[PDB]
Amino acid sequence: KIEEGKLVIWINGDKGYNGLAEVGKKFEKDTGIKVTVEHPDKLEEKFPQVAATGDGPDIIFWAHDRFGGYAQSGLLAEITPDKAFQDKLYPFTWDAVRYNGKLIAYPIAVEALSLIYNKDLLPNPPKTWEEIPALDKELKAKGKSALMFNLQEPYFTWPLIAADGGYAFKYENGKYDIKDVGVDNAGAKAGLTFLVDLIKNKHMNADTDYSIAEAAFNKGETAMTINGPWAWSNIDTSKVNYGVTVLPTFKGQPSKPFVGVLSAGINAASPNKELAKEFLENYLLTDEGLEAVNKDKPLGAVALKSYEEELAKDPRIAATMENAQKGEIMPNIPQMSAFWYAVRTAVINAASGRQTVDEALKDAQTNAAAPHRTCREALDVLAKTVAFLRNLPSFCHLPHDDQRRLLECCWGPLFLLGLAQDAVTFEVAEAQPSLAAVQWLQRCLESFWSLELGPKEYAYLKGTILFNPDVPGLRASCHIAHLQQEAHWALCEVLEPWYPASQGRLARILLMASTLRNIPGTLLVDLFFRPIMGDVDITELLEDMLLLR
Amino acid sequence: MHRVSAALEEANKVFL
Ligand SMILES: OC[C@H]1O[C@H](O[C@H]2[C@H](O)[C@@H](O)[C@@H](O)O[C@@H]2CO)[C@H](O)[C@@H](O)[C@@H]1O
C-alpha cells in the first residue's frame, strides 16, 4: 500500500527517466533505500486514479498545471523546504507550484514549445504560418513535408489557437474567472480554422501523433516540427542538423505557447515523505543531479539558479525562453483538467472531420466551463423507462427468461429513445470512451430532436425496439414477432396521412432507430451513470427494479 | 395478442 522503506517515482515517458533512474541509483547506494522510476502511460490521469485509493507512487512528476487539482482532491502533501533551500531556486518557478498559498511541489524546470527545423532542407525557417502551405507545395515535389507535429494533444496546437485571441481562463486581479472561457471566440476560431485547412489541403495528416511526427523529422522526411526541450536528445543521435527558433507568427501576431514548469510532488498517502524530501532536495535538485537527468533528455531552463547559469549559454534554451515570453504560464486551478479534455476533443473532432470548427469549439466552450444535470436527467429517464415496462401487459406477461433477455439487449435503445422524448441535451464533460463513439451518439440524438417526433410515434417505436424477435434463445419468439409487427403497423398508420413527405419520414425514423441499437451499452454507462454512481451494472440494476433477479 | 398499440401509448405516458 505504497511500501515503507522504498521510493517509487512516476514520470512521463518523454522525459529523461533514465537519467533520473541514475540519480536514484546513487541515492540507493548511499541511503540503502531502493528507488524505482516508472513511466506509465496516461500518467496524467492514472496518478489520481490510484492516489485516491491510497496507493500509487511516492513522488510524481508533471507540469504544474495538473498539481492544483491533485491538491484540491487532497492527494498531495505540502512540501517543507527551508528558507535556505528556497533561495536556490528562481522565485518565478516557485509560484508555479504554489496553490492557495501553499507549496505543493518542487519546481524542476521551465519548458516551452519551439519550432525545430532542418537546416539542410530549410536554410531559413518561415516567419509566418501563412507562408507554410506554399512551402509544403514544393517540398512535396521532392518527397518531403513542411511541418509535422502531434495533433492528438491540444498542447501542441494551442500556440496557434491563442495566437489571434484564444485563451483558457481570463485573468484579472491575480485571479482566474472560471466562467470566462475564450476557446470559441473570433481568435481561437481562426487559429483552429487554419489548422484544419492545412489538413484539408493535404498539407498535414489528421492522424499524425507524437511518434509519427518525431520519426518523420529525425529521418529527414519533414522540414519542420513543434516540440519541447526533451525532444532535442533523440534528434542529436540522428543524422539531422536541426535548429530551435521562435514559432511562426499567425496574422501578424506571435504564437503564444503554454509555458509549463515540470514539478515533483509527494503523495499525501506516502510514509516516505521524509525520504522523498531528502531525495528531491539533496540529490535531484542539485548541479550533478539535474545534469544527469538533463544529460538523458533536456529539461530546458532548470529552476536551480546555479545550473541554470551554466546552460544559459545554450542557444536552444534561449529560443525556448524567447517563445515562453511570447506565451503565458499555465493555470493550475482544478478546472484545468476539464479544459484540456474539452479542447483535446474539439481539435481532434475538427481535424478528423467529424465536426466543423464552429461545432467543435462550441461544445468545448460549454464543456470547458462545466452541473451533473445530465446524469440526473438520465436517472429520471431510466426510472421512467422502468414505469413504462411495469405497465404494458404485453411485456409483463412474457416468460421471465425472455423478459431478462430482451432487456439485456434493448435497454440501450430504449433508454436513448427516452432521453430523446424527454428533451434533454447533454454536456459530456468527462474531465475511456472513443471520441468517434461519443460524436456518433449525439449526432443520432440530435437527429431525433430535429425530426420532432410525437407521443404516438415514440410509443409505437419503443414497441418496435422492445419486442425484438432476433434475440438469441427466446421462448415466445413467435409471439414477440407478432407484437413487433403490430407496433410497426401502427407506426405507419400514424404517418399514413401523406401525399409526399411522410414517405421519407418513415424510412428516416426507422434508420435512426437502427443507429440507436448500434450504440455500445458500455459507452452509455460511462457517459450517463458512472460519473454519479461509480461502476454500475445496468442489466443487474434493471432486473432489480422489475423483480427479475 | 392484439392491440399492443393502445397499450404502448398508455404505457409511455410517463414521458409526457
Ligand atoms: O495536451 C494537453 C496536456 O498539455 C500539457 O502536457 C504536456 C507536458 O506539459 C509536456 O511536458 C509534455 O509532456 O507534453 C505534454 C502533452 O503531450 C499539460 O501539462 C497536460 O496537463 C495537458 O493535459
# chains A, B, ... in the order shown; residues from 1 in each chain; ligands from 1
>>> residues_near_ligand(ligand="ligand 1", cutoff="6 Å", atoms="only C-alpha atoms and all ligand atoms", output="PyMOL selection string")
chain A and resi 63+65-66+153-155+260+340
>>> write_last_selection(atoms="C-alpha atoms", output="short mmCIF file (atom, residue, chain, number, x, y, z; two decimals), in the first residue's frame")
data_model
loop_
_atom_site.label_atom_id
_atom_site.label_comp_id
_atom_site.auth_asym_id
_atom_site.auth_seq_id
_atom_site.Cartn_x
_atom_site.Cartn_y
_atom_site.Cartn_z
CA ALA A 63 3.69 20.12 -15.24
CA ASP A 65 -1.00 22.84 -14.41
CA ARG A 66 -2.22 19.50 -13.03
CA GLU A 153 -2.67 16.70 -27.81
CA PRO A 154 -4.17 20.20 -27.79
CA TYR A 155 -0.95 21.28 -26.09
CA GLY A 260 4.82 24.70 -18.07
CA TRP A 340 -7.72 20.26 -21.58
#
>>> interface_residues(of="chain A", to="chain B", cutoff="8 Å", atoms="only C-alpha atoms", output="ChimeraX atom specification")
/A:384,387-389,391-394,418,421-422,455-456,459-460,462-463,479,482-483,486-487,490
>>> residues_around(residues="segment 352-358 of chain A", least_positions_apart="2", cutoff="7 Å", atoms="only C-alpha atoms", output="number ranges by chain")
A: 189, 192-193, 206, 348-350, 360-362
>>> select_by_dssp(residues="chain B", states="alpha helix (DSSP H)", output="NGL selection string")
:B and (4-11)
>>> write_last_selection(atoms="N, CA, C and O atoms", output="PDB file, in the first residue's frame")
ATOM      1  N   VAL B   4     -51.636  -4.016 -29.281  1.00  0.00           N
ATOM      2  CA  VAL B   4     -50.474  -3.652 -28.462  1.00  0.00           C
ATOM      3  C   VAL B   4     -50.228  -2.159 -28.616  1.00  0.00           C
ATOM      4  O   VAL B   4     -49.594  -1.525 -27.776  1.00  0.00           O
ATOM      5  N   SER B   5     -50.747  -1.613 -29.704  1.00  0.00           N
ATOM      6  CA  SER B   5     -50.632  -0.197 -29.982  1.00  0.00           C
ATOM      7  C   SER B   5     -51.187   0.650 -28.833  1.00  0.00           C
ATOM      8  O   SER B   5     -50.481   1.475 -28.255  1.00  0.00           O
ATOM      9  N   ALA B   6     -52.461   0.450 -28.513  1.00  0.00           N
ATOM     10  CA  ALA B   6     -53.103   1.209 -27.447  1.00  0.00           C
ATOM     11  C   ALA B   6     -52.355   1.050 -26.133  1.00  0.00           C
ATOM     12  O   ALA B   6     -52.287   1.970 -25.313  1.00  0.00           O
ATOM     13  N   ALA B   7     -51.790  -0.129 -25.935  1.00  0.00           N
ATOM     14  CA  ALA B   7     -51.058  -0.391 -24.717  1.00  0.00           C
ATOM     15  C   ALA B   7     -49.793   0.465 -24.647  1.00  0.00           C
ATOM     16  O   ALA B   7     -49.527   1.126 -23.645  1.00  0.00           O
ATOM     17  N   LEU B   8     -49.020   0.464 -25.724  1.00  0.00           N
ATOM     18  CA  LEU B   8     -47.782   1.228 -25.770  1.00  0.00           C
ATOM     19  C   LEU B   8     -48.012   2.720 -25.493  1.00  0.00           C
ATOM     20  O   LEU B   8     -47.294   3.356 -24.710  1.00  0.00           O
ATOM     21  N   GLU B   9     -49.036   3.274 -26.124  1.00  0.00           N
ATOM     22  CA  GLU B   9     -49.335   4.693 -25.968  1.00  0.00           C
ATOM     23  C   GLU B   9     -49.634   5.048 -24.520  1.00  0.00           C
ATOM     24  O   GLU B   9     -49.229   6.107 -24.023  1.00  0.00           O
ATOM     25  N   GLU B  10     -50.348   4.144 -23.856  1.00  0.00           N
ATOM     26  CA  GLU B  10     -50.734   4.310 -22.461  1.00  0.00           C
ATOM     27  C   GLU B  10     -49.535   4.129 -21.532  1.00  0.00           C
ATOM     28  O   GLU B  10     -49.353   4.875 -20.579  1.00  0.00           O
ATOM     29  N   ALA B  11     -48.702   3.149 -21.841  1.00  0.00           N
ATOM     30  CA  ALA B  11     -47.568   2.856 -21.002  1.00  0.00           C
ATOM     31  C   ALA B  11     -46.495   3.901 -21.078  1.00  0.00           C
ATOM     32  O   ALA B  11     -45.783   4.116 -20.104  1.00  0.00           O
TER      33      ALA B  11
END
>>> residues_around(residues="residue 111 of chain A", least_positions_apart="3", cutoff="8 Å", atoms="only C-alpha atoms", output="PDB file with C-alpha atoms, in the first residue's frame")
ATOM      1  CA  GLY A 228       9.915  20.829 -26.401  1.00  0.00           C
ATOM      2  CA  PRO A 229      13.474  20.545 -24.983  1.00  0.00           C
ATOM      3  CA  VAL A 259       4.510  27.579 -20.533  1.00  0.00           C
ATOM      4  CA  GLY A 260       4.822  24.696 -18.069  1.00  0.00           C
ATOM      5  CA  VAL A 261       7.002  24.076 -15.017  1.00  0.00           C
ATOM      6  CA  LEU A 262       7.988  20.416 -14.587  1.00  0.00           C
ATOM      7  CA  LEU A 299      14.920  19.928 -19.198  1.00  0.00           C
ATOM      8  CA  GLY A 300      15.015  23.383 -20.796  1.00  0.00           C
ATOM      9  CA  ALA A 301      15.543  26.094 -18.199  1.00  0.00           C
ATOM     10  CA  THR A 320      12.711  28.220 -25.632  1.00  0.00           C
ATOM     11  CA  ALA A 324       7.980  31.342 -23.404  1.00  0.00           C
TER      12      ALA A 324
END
>>> closest_residue(among="A:188, A:71, A:436, A:226", to="residue 101 of chain A", atoms="only C-alpha atoms")
A:71
>>> decode(residues="chain B", atoms="C-alpha atoms", output="short mmCIF file (atom, residue, chain, number, x, y, z; two decimals), in the first residue's frame")
data_model
loop_
_atom_site.label_atom_id
_atom_site.label_comp_id
_atom_site.auth_asym_id
_atom_site.auth_seq_id
_atom_site.Cartn_x
_atom_site.Cartn_y
_atom_site.Cartn_z
CA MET B 1 -52.08 -10.85 -28.51
CA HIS B 2 -53.53 -7.85 -30.34
CA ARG B 3 -54.00 -4.09 -29.87
CA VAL B 4 -50.47 -3.65 -28.46
CA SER B 5 -50.63 -0.20 -29.98
CA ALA B 6 -53.10 1.21 -27.45
CA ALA B 7 -51.06 -0.39 -24.72
CA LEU B 8 -47.78 1.23 -25.77
CA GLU B 9 -49.34 4.69 -25.97
CA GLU B 10 -50.73 4.31 -22.46
CA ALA B 11 -47.57 2.86 -21.00
CA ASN B 12 -45.33 5.56 -22.42
CA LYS B 13 -47.43 8.36 -20.97
CA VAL B 14 -44.88 8.72 -18.16
CA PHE B 15 -42.64 10.55 -20.66
CA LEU B 16 -45.16 13.35 -21.30
#
